[PDB]
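Before any questions on binding or motion, here is one chain by itself as C-alpha cells, the form deposited in one PDB entry.
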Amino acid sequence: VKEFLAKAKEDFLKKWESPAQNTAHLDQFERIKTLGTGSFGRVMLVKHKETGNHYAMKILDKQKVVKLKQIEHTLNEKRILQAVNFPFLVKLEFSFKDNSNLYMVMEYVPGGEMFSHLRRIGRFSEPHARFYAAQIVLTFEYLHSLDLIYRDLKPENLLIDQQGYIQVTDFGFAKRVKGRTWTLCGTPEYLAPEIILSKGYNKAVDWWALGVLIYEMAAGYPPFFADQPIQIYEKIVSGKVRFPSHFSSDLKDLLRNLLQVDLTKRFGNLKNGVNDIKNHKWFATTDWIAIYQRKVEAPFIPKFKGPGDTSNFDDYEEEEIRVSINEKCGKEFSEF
C-alpha cells in the first residue's frame, strides 16, 4: 500500500521547499458577497471573470496581521495549503498580495460549516457521526505521514461540500514536527492533557481531539465544558467522562481509548498506529477505501439551489476593499 504514502511525501516536500507565489491578481475576480469575518480579515465569494468559476477568497489586512503577532501563522497557513493534496483538505487555487492585503483563493465549499449543521439539527446519529469521523481518521493519517500536527480540530473548521463530504480548512496552527513541541494553541475544549501540563507533546494530540469531536457529534455537546477556562483544564487533565446512556457499547469503548489521558496508551499512538482505530468494532461497517474514493452515499446533502448561492453561510455587513497607495509590511510578507 505504502508506495502511495511515499510519493505523497516526495510531492509534499517538493512543494514545501519551493512554494508557488503570485499566481493571480485581484482584478481577475469579481467580488460577490461576504462569507465570513475575523480579527484581521474577511472571506468573500468571488467569480473568476474569465472562467466564470466560483471561489472563496480570504482577504487578510497586513497591518492587523502584524498588530496581532500572526505573521508566522499566516505565512505557515499559505505554505502548508499550497503543499498538501488530499480529498478531504480544501484546495488552494491561487495566492497573491498587494500594498494592503494578502489573498488566498480556495475552491468554494458551499454547504457551510459542520458547526452550524450540528447546532441546526442537534446531535448526529452514530452512523452519521461515523461517516464524518472516518474522513478525519484518513485525513490525520495523511497529515501525520508528513509529520504535520493539525492541532485545530473543531466542528467550525469542517466545511461540507456538495456531495456531503468534509473539507478541512484552517492550517494556521499546523506545525511540521518530528519530536515534541510546546505552543498552547487551539480552542480550550479540544486540548489534550499533555498540552496543558506543559512538558511537551506530539501528534498524539490529534487523536485525543478526534475523540472530543466524535463525542460532540454524537452527544450534541463536548465532553469537557465549563464557564471558567481554568475549570476546563482541570476537567481535561482529570479525564473523567460521563457518556450519555444512548451511546452504544462500541462507541464508549472507542472513546475510552481515544480520550486516554496518557498519550502512551492512546489509540493511534501505539505500535499498530492508525490501524488500532480503523479496526475498532465501532468502525466495523466502514469501508475505508470506499470513503477515500467518495463512493459512499453521504447521510446528509446540503440544500444547494444553484452555483453562486450562499444561503448555508450567514449574512454580514459588506465593507469596501481598500488598497493603499503605499506598500505596508513588505519585509514581513516577502516569503508569502
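Rigid core: the largest C-alpha set superposing within 1.5 Å between the two forms. Note that residue numbering follows the sequence shown and begins at 1.
The form deposited with a partner chain bound exists for this protein as well; it is not shown, and the discussion that follows is about that form.
Of the heavy atoms in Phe88, none are within 4.5 Å of its partner chain in the deposited complex. Contact annotation for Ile232: at least one heavy atom lies within 4.5 Å of its partner chain in the deposited complex. In the deposited complex, its partner chain lies farther than 4.5 Å from every heavy atom of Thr181. When its partner chain is considered in the deposited complex, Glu113 lines it closely, a heavy atom lying within 4.5 Å. Residue in contact with its partner chain in the deposited complex (any heavy atom within 4.5 Å), chosen from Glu126, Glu189, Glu93, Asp250: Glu189.
Just one of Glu156, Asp147, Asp98, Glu107 comes within 4.5 Å of its partner chain in the deposited complex, counting any heavy atom, and that one is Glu156.
Heavy atoms within 4.5 Å of its partner chain in the deposited complex belong, among the stretches 310 to 318, 6 to 14, 324 to 332, 20 to 28, to residues of 310 to 318. With the rigid core aligned between this form and the one not shown, the listed residues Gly122, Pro229, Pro127, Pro244 include just one Cα displaced by at least 2 Å, namely that of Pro229.
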